[PDB]
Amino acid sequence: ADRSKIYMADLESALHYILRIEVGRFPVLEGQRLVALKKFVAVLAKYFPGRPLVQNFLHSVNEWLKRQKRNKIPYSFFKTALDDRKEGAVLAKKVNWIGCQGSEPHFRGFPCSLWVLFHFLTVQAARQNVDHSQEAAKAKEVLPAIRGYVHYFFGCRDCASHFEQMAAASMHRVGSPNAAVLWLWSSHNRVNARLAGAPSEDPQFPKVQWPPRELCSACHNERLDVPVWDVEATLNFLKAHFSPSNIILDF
């Protein structure tokens, strides 16, 4: 795969994995886990960079949730809605990792696709006009939606505990779409720092403070008495990297 390229197969297997495996770990979707589910889905429908069918599917599922008056939705009930709207023909029946494929089955995979997805949502919401309060409010729900999803659905708790630590510590300081793009970007790099050279690291895919120079030379400053990262150059790299034009459609 290409490190500068994003594969639609990764983003789609992410949606398929989230809907079938992650939400399905809970027999009854209720309370706050349900609220977070609804918020995240609404974010997907609006910002996921999906093709025609995908976006139609997301909107339909999103409309189904909104209509559910029950304050408790058994997964059984939710599974039907996915089936009725045929998430199968829309996404796929099996996960398909490309840029997120690990040197071994237990490496990378979903977690990798979920970060990519989270970053894309942030960028998408920062690459859409938000000068209108109505949508400037929808853009504001991205990071919290992402926080809610991680807490209530993300598989490895080991993983959710470390994100939430960063979240509680400084997410309350993000005051704009680009600010959110950067927060998620640097929070992921903090995680990269913690996991670097760890025994669980994918040998073939060592952690680095991303993006590396080989990927974006203009992103790093040169002087040592100034920030390590040229935030402006980096932000521009992000919007370009996490954009529809950089997505390699799975034809």
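Position 1 is the first residue in the sequence shown; the rest follow in order.
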property	result
Given 113 to 121 and 74 to 82, the range whose Cα B-factors average higher in the PDB entry	74 to 82
Entry-level comparison of average CA B-factors, 145 to 153 and 127 to 135, reporting the higher stretch	127 to 135
Top Cα B factor in the deposited entry, candidates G31, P27, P212, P203	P203
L37 - which third its CA temperature factor falls in, relative to the rest of the chain	lowest
B-factor third for the C-alpha atom of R194 within its chain	lowest
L53 CA temperature factor, ranked by third within the chain	highest
Third of the chain's Cα B-factor distribution that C159 belongs to, per the entry	highest
Entry-reported Cα temperature factor of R67, expressed as the chain third it lands in	highest
